[PDB]
């Protein structure tokens with residue numbers, strides 16, 4: 848700071864403490880019900896996917 | 005969502024008959 852300020856670089860980060868990352872198994876990431884559409888799309892064909 | 009559901016009178020009341 849001031850008129851004598853040295854050249855500088857900016858550093859960026861975040862913290863997100865008590866949270867858990869989430870990825871809903873839903874055709875779009877909204878929660879539209881407890882039983883998601885992808886959770887009830889492929890009860891048609893067996894599936895068994897790895 | 006972490007799954008969470010339940011089934012949901017000033018003027019007296021008890022009347023199962």
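Residue numbers (the deposited numbering), protein chains in the order written: chain K, 848 to 897; chain 8, 5 to 12, 16 to 24. Where a beta carbon is used, it is the ideal one built from N, C-alpha and C, also for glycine.
Item                                                                                                              : Value
Where residue 850 (chain K) falls: helix, strand or coil (DSSP)                                                   : coil
Which of helix, strand or coil DSSP assigns to residue 887 (chain K)                                              : helix
Sequence-distant residues of its chain with Cβ nearer than 7 Å to residue 872 (chain K) (five each side left out) : 883, 885, 886
Residue 897 (chain K) vs residue 5 (chain 8) beta-carbon contact at 8 Å                                           : no
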